[PDB]
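*Asks:* Here it is, the structure, as structure tokens.
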């Protein structure tokens, strides 16, 4: 069973920065694209950052220019770097196996994974 | 069981079991005749047979089966679930179809171009049963159809805006021009606003039943989606043009009315087959005898002179291009009629025959001459029995070699007579799998670390990497561990020994517990891999289709042609892929239009899969509304008349007279453009039409726009050509669009734009005219090149002439660099890089194109250029002079070109797997000839599989250098060969 543990969240003032990390228990991490999801309060979960197995990064329109996603296949850990945080960024952030960047279904809505972890809480106030 | 006779007479029958009780037709007939003198009188006037109907969900269902009552288990199960012990079955007279139904069928036949009701080239009822079975998805899609969105078909995407497009928004606002009558008002709106918000803002900035329609096009900006998510909005943003919309009344949903379905629902063909315990009719798994076939003889009216003096028949049992067993006959002299009457016994058991197995009969001489296929298990889970006289196909790995269809040319093709063992009771293949209750002894012990590493390395390999016997054994022995990794599914199922019943049962148990796959993210390359020629099992196909079911409409439009081609790989007519395509074409109007054209082209040109695609097209056409039917009729009419005019011109001022005759007679006032449904063409600008000076003599046609709201007087350029196969052109252009999207998701804009190409019939088609575009060969011939002498400054001077200002010229140079790099990378990956100047086009804005892919694709497949001087792509000294100073050292434009082409190459290497599967499908489907290995491996050699990014970059730079080494030699050789 694939297991992911997210960490790095917390309370930060507007305009601040945060760096999340998530370690995956899937040993085929090297050949799998990964992505970061966030669930706003009373809102559906949406993909905001996409990274391929090669390392190419694609971001959602809202987080473009302020979020940076990276991976380290050696440690099977994915990092999301946040800059210039704004109040609407307050949500519960999740990481998982993403999908195809050029497929619109991946960016559409919930990817219907069944192995979601606990996630991390990020609050901007 | 209560029965209603047609006189509302209720006759109470009894449950007569399930053993050969399909004489219930005769039983009820005799009961009615005895119990009613009126039935006796009508026996001399009634039709041949009657029908059985019952109430499943209020709608009438039909028992369409004359073999066994076990098929009727569905109605019994429903009756028991509803707790109604006395079941009601109504007999209905076989009424002939009405005149309106016949006229509608004739209209459908005219649209399809093939007579679906003809039964002159069938040896079973698979196609008719497929026609009856495709009704339920059609009715389900019609019922769950929102009228307004279906009528208006908004074209939206959920992908994030590209970086080069996200930056193009000047101040986080978009200017939209709204036209009302002669009034034009520009409204500034944010990119995150829905069209309803824009409309409300416009109304407040002075009824409310209005929508925004693109001026001059049949596209509506409606629905609950941001304005930046519209494909036309993104198109206008990319081109830098202003977004013009008009306030139009929404189209009437009543115009999309669908006439009522005339046939009763047919249920399913899985009723005849039950569990192994139920069928042990005769269970297929009970018969432990070996499979045996008798080759009675070979008949041919006229002997070919290609090769003779020795002939024999090869019988192969194969399941997904894997020959389970192979038997041969003794060679005999090649004459008009050859007789063997010998039984070929295979080493495979009858019980071990998997569904989808194909009996491939081939004729060899002395090399392979004729072939024909026969599905060992029919669509109703029954083994084939009795005499079979099959007309074979003549060869002039291939998708055409897998078809179970018979040659329609009965009076000129070779015919083979075979016999299969008969049985007193029908032999039925049991159901796929009852339940995974025992779990098949799923493994508990954890894999050793080294074995885990080996399995991971096997999974991480490319699709084209062969699997050793040890690799297959490791994959199968640890199947439950391989389920956790969806990337291993093609390899895991490639290690299944399909020739053993127990292994197939274990595989079915394994795939009955697929959860990690169910929640897995949709991977397009993996799913297309599962739909390839290497997978003939129905359940793997169903898995691939259910993953495909999560696509969006634009995503389906990206891969529609590939799926239509992949329908050929389905062993049976009524497949999950066919249902998926039908449903997604009924859901969206654009998908339906493109599916109609793609399917009609295959019906027109491919005789091997004419009937199946004709049935699918019939289902779609019955599904769609009358407005779509009228548009399709107009398009077919104009296509047919233009085809006739093209034939008349090719037989030889005459063109002008014929076009004038068309314009005043039978030419529709407006027709939808087949390669662009959003654009409507009106009258024909006869004074602008001409015939190009080409060996094929295409028709250069220019139509006026039929929409009065168009902002420009520009015509619509259409090229009608005969004698070239445009199917390969469409496949190449679709793959180009896929690679363009792949570059888009990596912030790469290579300026590669494919034109509109649709094949409309047998070796005819329609080609979009790119305005302000000329050919590199013509640019050379303007100054030097008619005699073969070549110069480098010609292209640069031509670009300088067409640029009014210096900034325009610099933009043209940048566009030329980007387009040249993109096309070089794309053609090098696809192997179509060695072309001549006559097939390369350029606009006045600098953009570069490659045209006539069918001309070079077949030549490269037949030759590969290993006997000539082959270059990876066209990097001609004129291109270099346009880019740099031609100093043979470097230039900033040349450095930028190298960097961007390396970036594009690495971007494609990121999706190597999808590119490889697309290339394999293109070769095996779009090639009329026969392909094999060492041709599929070309892409994995060009994509640099299993090497570093630095190594791949060095490889591509070496390809650029070798192109620069041969400056004009390849072009001069092409000129000499053509002249």
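Start at 1 and count along the chain as shown; that gives each residue its number.
Positions of Cβ are set from backbone N, Cα and C atoms, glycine also.
Annotations for this protein, taken from Swiss-Prot, read as follows:
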| type | residues | note |
| --- | --- | --- |
| DOMAIN | B:441-623 | domain 'PIK helical' |
| DOMAIN | B:685-968 | domain 'PI3K/PI4K catalytic' |
| REGION | B:691-697 | region 'G-loop' |
| BINDING | B:717-726, B:752-760, B:849-857 | ATP binding site |
| REGION | B:831-839 | region 'Catalytic loop' |
| REGION | B:850-876 | region 'Activation loop' |
| MOD_RES | B:912 | phosphothreonine |
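Have a look at these and tell me how they're positioned relative to everything else.
*Replies:* If you draw a 10 Å sphere around the CB of residue B:854 (ATP binding site), it holds 22 other CB atoms from the protein chains shown. Secondary structure at residue B:854 (ATP binding site), as computed by DSSP, is helix.
As a summary of secondary structure, the region 'Catalytic loop' (B:831-839) carries 3 helix, 0 strand, 6 coil according to DSSP.
Using a 10 Å radius centred on the Cβ of residue B:912 (phosphothreonine) and all shown protein chains, the other Cβ atoms total 21.
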*Asks:* Which sequence positions outside the region 'G-loop' (B:691-697), separated from its termini by at least 6 residues, show Cβ-Cβ distances below 8 Å to it?
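*Replies:* Residues 649-650, 655, 719, 721-724.
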*Asks:* State the non-local partners of the region 'Activation loop' (B:850-876) in its own chain: residues 6+ outside its ends, Cβ under 8 Å from one of its Cβ atoms.
*Replies:* 724-729, 732-733, 755, 776, 820, 823-825, 827-828, 831-835, 837-841, 923, 926-929, 931, 935, 959-960, 962-964, 966-971, 973
*Asks:* Once the DSSP letters are reduced so that anything not helix or strand counts as coil, what is residue B:912 (phosphothreonine)?
*Replies:* helix
*Asks:* How many Å lie between the CA of residue B:280 and the CA of residue B:281, given 10 residues are missing there?
*Replies:* 8
*Asks:* Do me a favour and check the Cα-Cα span between residue B:725 (ATP binding site) and residue B:912 (phosphothreonine); whole Å is fine.
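*Replies:* Cα to Cα, residue B:725 (ATP binding site) and residue B:912 (phosphothreonine) are separated by 28 Å.
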*Asks:* DSSP-wise, what's the residue breakdown of the region 'G-loop' (B:691-697) into helix, strand and coil?
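*Replies:* Helix, strand, coil within the region 'G-loop' (B:691-697): 0 helix, 1 strand, 6 coil.
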*Asks:* Gap of 14 residues, residue B:206 to residue B:207: Cα distance in Å, to the nearest whole number?
*Replies:* 12
*Asks:* What is the separation, in Å, between the Cα atoms of residue B:758 (ATP binding site) and residue B:912 (phosphothreonine)?
*Replies:* 28
*Asks:* Including all protein chains shown, what's the count of other C-beta atoms within 10 A of the C-beta of residue B:850 (ATP binding site)?
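*Replies:* For residue B:850 (ATP binding site), the count of other Cβ atoms within 10 Å is 25.
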